[PDB]
Amino acid sequence: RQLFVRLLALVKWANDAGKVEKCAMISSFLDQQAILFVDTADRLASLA
Amino acid sequence: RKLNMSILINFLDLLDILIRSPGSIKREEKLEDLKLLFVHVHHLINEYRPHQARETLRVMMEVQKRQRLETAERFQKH
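Residues numbered from 1 in each chain as written, not as in the entry; some residues may be left out. Chains lettered and ligands numbered in written order. Part of a larger assembly, values for the part shown. Heavy atoms only, no water. Residues with missing side-chain atoms left out of burial classes, pairs and counts.

Some points on the overall build of chain A
Each helix and strand in chain A was counted, giving 2 helices and 0 strands. With the C-alpha coordinates of chain A rotated into their principal frame, the extents come out at 65 × 20 × 5 Å. (Helix = DSSP H or I, 4+ residues; strand = E, 2+ residues; numbered from the N terminus.)

Quick look at the overall build of chain B
Looking only at helices and strands, chain B has 3 helices and 0 strands in total. Written out in order from the N terminus, the α and β elements of chain B read α-α-α. Relative to its length of 78 residues, chain B is extended, with a C-alpha radius of gyration of 25 Å against a globular reference of 12 Å. Along the longest, intermediate and shortest principal axes, the C-alpha atoms of chain B span 85 × 20 × 10 Å. (Rg over C-alpha atoms; globule rule 2.2 N^0.38 Å.)

Quick notes on the interface of chain A and chain B
Contact residues are listed per partner, giving 5 residues for chain A and 4 residues for chain B. For the side of chain A that touches chain B, the per-class residue count stands at 3 nonpolar, 2 polar and no charged. (Contact = heavy atoms within 4.5 Å. Nonpolar A, V, L, I, M, F, W, Y, C, P; charged D, E, K, R; others polar.)

Points about helix 3 (residues 50–77) of chain B
Its 28 residues place the ends of helix 3 of chain B 39 Å apart at the C-alpha level, agreeing with the 40 Å of an ideal helix rising 1.5 Å per residue. Of all the bends in helix 3 of chain B, the greatest, near 40°, is centred on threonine 56 of chain B. (Expected span 1.5 Å × (residues − 1). Bend = angle between axes of the 7 residues up to and from the residue.)

Printed below as a string of structure tokens:
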């Protein structure tokens, strides 16, 4: 019964896995763009 | 000096833009163009222009000798 309840909870959590992964990818892309811009600015400043 | 101040202002503006809109990926490419400006920067602010004025100072060098000649004039007064 505990195993079946855990499987049901995992299924209920994965029911929104598509939206979860989409939002995570959007956040990761935004953070990567921000980090890339900051790194480019810092590299240009250090070079100059 | 005005161009350096403008470059600093533009760098501050680009930093503010990257903090406000970080989707720019070509900004670093402009740094490559700075290399061209770096060529001009090869004679920017430190230790190359005064030498040219030293050319005129070359004449003044002989004037310094004339100053010594001024002291030599005292020998004539002797």
